[PDB]
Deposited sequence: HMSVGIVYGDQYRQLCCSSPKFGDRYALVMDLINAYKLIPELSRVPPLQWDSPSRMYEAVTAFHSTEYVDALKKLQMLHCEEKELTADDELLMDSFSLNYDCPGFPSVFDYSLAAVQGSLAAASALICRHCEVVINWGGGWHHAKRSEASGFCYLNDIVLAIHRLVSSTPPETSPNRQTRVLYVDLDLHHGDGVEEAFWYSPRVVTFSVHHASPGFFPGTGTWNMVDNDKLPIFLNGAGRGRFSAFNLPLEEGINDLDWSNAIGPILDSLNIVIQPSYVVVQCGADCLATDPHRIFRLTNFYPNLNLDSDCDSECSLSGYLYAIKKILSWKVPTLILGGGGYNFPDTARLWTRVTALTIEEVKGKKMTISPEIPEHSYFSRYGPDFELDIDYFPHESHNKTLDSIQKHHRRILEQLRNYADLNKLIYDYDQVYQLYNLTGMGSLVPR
C-alpha cells in the first residue's frame, strides 16, 4: 500500500510561503490530473491534543527557545508594526532573517511539513503503508536552533527520530542538489541512522558542507557514529546516466551492509536540467531519469520507505518529476502497470505547463572512481566499527 500525505488545511499551509508559493498545489493537482489518487492511501497530517504535546513533538530535535522564536516571528508578521530592534536581534540569533524571512503563516507553514512527515512515519511503523510520500516535506537544512535555506523546522529529522525510536536502523538518502547538512548534523553521533547525500559542492555554493574539509579529508560522523555519514559531491553538468552510475553501487552497498529497517528518501527536484539553479542535468524521462533510477532501486529492496520532497524551483517541472516518482512508486509497490499520457491532461493548473504541455521536461541532452574507493572503505570501517556481517566480495563486486 502506498500512502500520500495531503488534506485541505495541509494544502493551504504548504502553499502559503513566499518562496515555494503554490508549488505543492501544482504537484498534487498533476498527480490528481493523472488519476493516481484512487491508487493512493490518503495519510492525514498529524495533529496534537494540546500546545504542550506539539512542543514536546517538535522539541524532540529543536530547542524550545527556537520554537518560541519561530512562533513569535509569526505573531509579529500578523501585525503590521515593524519589529523592534530587540525582536530583530532575537530573530537574528536564530537566523530567522534574510533567506529565512518571517511571513504571516511562517510557523503554521513549517509545522505543517512536520505534521505531514510525522504522520508518514507513523503510517509505516504501524504497517498500514509500505511506502508513504510527503511532497510537502523534505526540509533538510533546518538545525536545532537555526533556520537555513528556507527550512524552518526539520521534518525529516523528526520523522527519522520517530522511526528509530519505534535493532532499528534507518538509511537516509538525500538526492537534493544541496547537501543535507541538517539531517546529517542531527545524526552525527548516531550509528543507527546512516545518512547519505549526493549533491553538488563547489566554493561558495550553499551550504558549503558535504565535501573535503579544512591533504584534507572527509568528516563522516563522530563518537559511536563514526563512518556513519556518507557524502558524494559531484561537479556541475552531470547527466542522468553518470549521476545514476555514481550513486547506484553506493545505494546497493549501503542496503546490503546496513540492512536498514526503514529508508527515508529526500527527492528535492533542483537537480533537474531545467531548474533555475542549472547545475546538474537530470530529467524526469521515463522511456532514464536519475531520480527514477534511484527510487526504483531503493523500492526494489522492499524496505518500508518514506519519500519526501525538498528543493525544486521550477514548479511545473518539479510537478512533472514528482508525478512520475509517484506513478513509479505505485507501480513498484502494488505491482500494477501505471500508464501515463505523454501530454498534460486538462486541469486547474494546465496552463502553467506551457508551451508544449507534455510530461517530459523540456530538455535535450575518475573523480567518481576515487569517491567509490573512499566510500567503500568508509562502509567497511562502519561495518567493522559496528560489528556487522558484510560480505566484502559482493560489496566490492558492485564496483
TODO: Could you name the stretches of the deposited sequence that have no C-alpha atoms in this structure?
DONE: 1-2, 169-177, 226-230, 304-316, 395-402, 437-447
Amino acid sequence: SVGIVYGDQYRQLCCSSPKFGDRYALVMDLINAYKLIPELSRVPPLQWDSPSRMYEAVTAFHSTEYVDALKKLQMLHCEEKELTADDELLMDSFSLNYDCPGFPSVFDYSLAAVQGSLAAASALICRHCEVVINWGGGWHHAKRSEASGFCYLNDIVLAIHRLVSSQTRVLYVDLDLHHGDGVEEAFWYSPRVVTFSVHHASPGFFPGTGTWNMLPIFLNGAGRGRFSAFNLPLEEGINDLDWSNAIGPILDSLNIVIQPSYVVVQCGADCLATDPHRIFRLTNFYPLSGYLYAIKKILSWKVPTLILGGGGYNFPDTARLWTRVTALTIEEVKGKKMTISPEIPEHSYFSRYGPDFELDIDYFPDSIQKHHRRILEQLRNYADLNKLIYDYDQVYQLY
From here on, numbers count along this sequence of modelled residues.
TODO: Check whether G208 has no coordinates in at least a third of the other compared PDB entries of this protein, counting only entries that model residues on both sides of it.
DONE: no
Task: Comparing 298-306 with 169-177, the one whose average Cα B-factor in the PDB entry is higher - done: 298-306
- [ ] Averaging only over Cα atoms, indicate whether 336-344 or 50-58 has the higher B-factor in the PDB entry.
- [x] 336-344
- [ ] Please pick out which of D275, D155, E184, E80 has the largest Cα B-factor as recorded in the entry.
- [x] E80
- [ ] Kindly indicate the residue among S148, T283, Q266, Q259 with the greatest C-alpha B-factor in the PDB record.
- [x] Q259
Open item on the list: Looking at the temperature factor on the CA atom of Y98, which third of the chain's modelled residues does it land in?
Closed with: highest
Task: CA B-factor ranking of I375, expressed as a third of its chain - done: middle
Task: Relative C-alpha B-factor of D29, binned into the chain's lowest, middle or highest third - done: middle
Task: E65 by Cα B-factor - lowest, middle or highest third of the modelled chain - done: middle
Open item on the list: Quick check for you: using the entry's CA B-factors within this chain, is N213 in the lowest, middle or highest third?
Closed with: highest
